[PDB]
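So that the names make sense, note that chain A is the first sequence line, chain B the second, and so on, each numbered from 1.
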Amino acid sequence: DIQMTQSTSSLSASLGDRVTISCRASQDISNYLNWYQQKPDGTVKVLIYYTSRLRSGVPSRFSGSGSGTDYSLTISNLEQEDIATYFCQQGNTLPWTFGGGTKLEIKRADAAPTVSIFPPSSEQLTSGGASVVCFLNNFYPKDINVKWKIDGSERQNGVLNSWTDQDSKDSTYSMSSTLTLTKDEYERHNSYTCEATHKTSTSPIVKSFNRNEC
Amino acid sequence: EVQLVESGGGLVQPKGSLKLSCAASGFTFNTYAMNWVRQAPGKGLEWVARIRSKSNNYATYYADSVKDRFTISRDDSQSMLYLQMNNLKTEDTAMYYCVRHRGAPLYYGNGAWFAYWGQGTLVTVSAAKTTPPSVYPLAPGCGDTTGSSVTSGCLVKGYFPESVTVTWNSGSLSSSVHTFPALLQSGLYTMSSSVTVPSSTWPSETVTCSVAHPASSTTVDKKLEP
DNA sequence: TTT
């Protein structure tokens with residue numbers, strides 16, 4: 001089989017930048033090398049075929065070059081809508097094989113998260129469980145830390161954190177943090193807070209509720 | 001516009017079977033080769049199989065990984081593509097895309113490429129049983145108020161397999177929704193979804209999350225309350 | 001999917 005290698009699996013670039021994504025084939029593929037864009041939502045489209053031919057309806061900022069084993073996709077003047085994973089594919093011989101993909105993040109100005117906290121539902125409490133939820137929305141850069149404080153003490157056990165993909169319109173991220181306890185455990189403390197630490201502030205962004213006021 | 005609509009994805013046990021379908025429209029189905037392409041979770045694309053047109057006697061070809069287990073076929077009268085998958089394996093777990101081949105090679109080159117893609121159907125090969133989600137509303141408790149906006153949510157807990165879809169007010173609210181990818185905890189998935197609206201329009205006006213888990217035939221709605 |  002022909003192995004296709006995209007040695008860069010991820011990169012970050014600013015609006016207006018030149019982005020170059022490369023692809024190496026394990027043997028000569030006679031310019032039968034094509035490029036695809038996969039949006040964060042999973043939508044795939046073809047950009048370039050036969051090394052350099054631009055697919056009808058695809059913006060001219062996408063161009064392809066190469067020969068033999070070595071090929072490149074260039075995005076000139078990067079735009080907001082170009083957040084995606086880019087894949088090369090050889091169509092010279094079966095099985096037709098793809099590169100491993102290059103995920104493109106687009107930079108923006110730093111932005112602090114909007115924090116929201118949520119007590120367990122009565123529905124869940126009835127079932128014998130207690131999940132407290134914190135949302136940190138619309139922040140940049142992606143790196144962020146969330147701590148759970150129960151009556152002032154840090155709680156890490158039973159915590160699950162999920163980041164969104166980068167937002168296609170404004171390049172921000174959001175994250176959800178869920179702390180799950182038994183209802184018995186929940187009931188025996190009052191103060192619940194999540195604290196967000198992010199490069200945008202010297203002190204954390206904090207949200208809190210008290211159980212016996214809910 | 002070209003449309004390729006996959007169906008038939010779902011949970012199947014190792015060594016079991018599943019048939020995928022794709023309903024094509026917006027082009028002359030019977031003149032094109034058709035493919036399936038797949039993508040295992042968090043991984044890259046892998047070509048699965050091709051079937052040529054009737055003019056090329058419906059010649060078929062398969063990736064080595066699926067040969068003698070999968071059968072690609074088509075029904076030109078109904079503009080349908082099929083993938084019968086037998087003796088399924090864990091590593092067949094993937095999103096499966098129906099894909100129309102490039103057209104006339106005199107114009108488009110001999111080399112194979114994939115001109116139009118469907119949105120995919122998810123296939124999960126696992127020993128674990130279908131488990132519907134518990135859905136809980138996430139409402140702000142009685143406390144401080146940031147005048148401009150309020151953020152509400154829905155927690156979707158302890159389901160299998162993927163995936164679920166959460167919509168807010170029957171798809172009317174789209175801008176301010178965030179969907180948090182599911183995470184696997186102790187054999188079961190959990191995800192959440194948030195929506196943010198002007199604080200005038202709630203609670204005065206109503207906000208509801210609708211959670212679909214097709215694998216367990218469940219739809220659950222939580223009307224959000226102070 | 002040229003012959």
Side-chain angles (χ1 to χ4, degrees), chain A residues 9-17 19 39-41 78-85 103-119 131-150 152-156 158-179 191-210, chain B residues 138-141 143-153 155 173-181 183 191-199:
Chain A
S9 66
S10 69
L11 51 27
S12 182
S14 298
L15 293 180
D17 289 7
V19 176
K39 297 285 229 151
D41 70 2
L78 192 63
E79 309 235 63
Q80 179 60 48
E81 70 164 338
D82 300 333
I83 294 164
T85 304
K103 186 176 181 160
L104 178 60
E105 167 193 58
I106 300 190
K107 298 185 198 296
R108 55 154 295 138
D110 287 356
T114 313
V115 182
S116 303
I117 191 175
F118 301 93
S131 291
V132 195
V133 175
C134 192
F135 291 144
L136 319 178
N137 289 350
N138 299 313
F139 62 88
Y140 188 88
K142 192 176 189 191
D143 323 69
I144 197 155
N145 178 267
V146 54
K147 294 185 186 67
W148 281 98
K149 303 274 200 198
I150 298 174
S153 297
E154 191 171 358
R155 178 85 191 211
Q156 289 195 354
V159 175
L160 299 167
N161 301 324
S162 181
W163 277 251
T164 65
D165 298 316
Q166 202 175 20
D167 188 35
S168 282
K169 76 203 178 194
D170 75 349
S171 293
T172 60
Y173 297 88
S174 292
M175 107 101 82
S176 77
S177 190
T178 307
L179 171 61
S191 201
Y192 287 83
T193 121
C194 60
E195 310 190 341
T197 307
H198 193 242
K199 74 166 298 220
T200 47
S201 195
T202 55
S203 51
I205 302 182
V206 162
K207 277 284 150 69
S208 180
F209 68 85
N210 285 319
Chain B
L138 303 173
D144 141 294
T145 167
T146 298
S148 302
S149 298
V150 281
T151 284
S152 289
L155 177 60
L173 302 169
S174 297
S175 283
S176 81
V177 310
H178 297 121
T179 306
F180 300 93
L183 293 170
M191 62 83 70
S192 55
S193 175
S194 87
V195 69
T196 302
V197 298
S199 79

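Between A/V159 and A/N161 there is a side-chain heavy-atom pair separated by less than 4.5 Å. Using a 4.5 Å heavy-atom threshold, the side chains of A/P141 and A/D110 count as touching. For the pair A/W148/A/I117, a side-chain contact is recorded, criterion being any heavy-atom separation below 4.5 Å from C-beta on. Using a 4.5 Å heavy-atom cutoff, the side chains of A/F118 and B/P140 are in contact. Taking the side chain as every heavy atom from C-beta outward, A/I83 and A/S171 approach each other to under 4.5 Å. Within the 4.5 Å cutoff, the side chain of A/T197 has no heavy atoms near those of the A/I144 side chain. By the 4.5 Å heavy-atom criterion applied to side chains, A/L179 and A/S131 are not counted as neighbours. Taking the side chain as every heavy atom from C-beta outward, A/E105 and A/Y140 approach each other to under 4.5 Å.
Atom-to-atom distance recorded for A/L104:CG and A/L11:CG is 6.0 Å, nearest 0.5 angstrom. We find the CG-OG1 distance between A/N138 and B/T151 to be 8.5 Å, quoted to the nearest 0.5 Å. To the nearest 0.5 Å, the span separating CG on A/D165 from OH on A/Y173 amounts to 8.5 Å. In this structure, CG in A/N137 is found 4.5 Å from OG in B/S194, a value given to the nearest 0.5 Å. Put simply, CG on A/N210 and OG on A/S208 are 5.5 Å apart, with the number rounded to the nearest 0.5 Å. With rounding to the nearest 0.5 Å, the separation of CD1 in A/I205 from OG1 in A/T114 is 7.5 Å.
One side chain, A/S12 or A/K107, offers a donor N or O that lies under 3.5 Å from an acceptor on the other. Side-chain contact, A/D167 with B/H178: no donor N or O sits under 3.5 Å from an acceptor N or O.
Put simply, the side chain of A/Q80 gets close to the backbone of A/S168: a donor and an acceptor are under 3.5 Å apart. A/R108 places a side-chain N or O within donor-acceptor distance of the main-chain N or O of A/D170, the cut-off being under 3.5 Å. The main-chain N or O of A/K103 is never found under 3.5 Å from a side-chain atom of A/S10 such that the two would form a donor-acceptor pair. No donor-acceptor distance shorter than 3.5 angstrom exists from the side chain of B/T146 to the backbone of B/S148, with no hydrogens or angles considered.
Here the closest heavy-atom approach between residue A/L136 and residue A/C134 is recorded as CD2-SG, 3.7 Å. Shortest non-hydrogen contact noted between B/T179 and A/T164 is O-CG2, 3.7 Å. Across A/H198 and A/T200, no two heavy atoms sit closer than the pair ND1-OG1, 2.8 Å. Looking at every heavy atom in both residues, B/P181 comes nearest to B/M191 through C-CB, 4.4 Å. Of all non-hydrogen atoms in A/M175 and A/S177, the two that sit nearest each other are SD-N, 4.0 Å. Taking each heavy atom of A/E195 and A/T193 in turn, the nearest pair found is CG-OG1, 3.7 Å.
The environment of A/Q156 atom CD is sparse: at most 12 non-hydrogen atoms of other residues, nucleotides or ligands sit within 6.0 angstrom. Under a cut-off of 6.0 angstrom, the local environment of NZ in A/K149 is crowded, with over 12 non-hydrogen atoms contributed by other residues, nucleotides or ligands.
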- Message: Please determine whether side-chain contact (heavy atoms from CB on, under 4.5 Å) holds for the pair B/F180 and A/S174, giving the CA-CA distance in whole Å, both sets of side-chain angles, and the decisive distance to 0.1 Å.
- Response: CA-CA 8 Å; B/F180 300 93; A/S174 292; 3.9 Å; yes

- Task: Please test A/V206 against A/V115 for side-chain contact (heavy atoms from CB on, under 4.5 Å), starting from the C-alpha separation and ending with a verdict.
- Result: CA-CA 7 Å; A/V206 162; A/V115 182; over 6 Å; no

- Decide yes or no on side-chain contact (heavy atoms from CB on, under 4.5 Å) for A/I150 and A/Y192, but give the supporting numbers first. CA-CA 5 Å; A/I150 298 174; A/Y192 287 83; 3.8 Å; yes

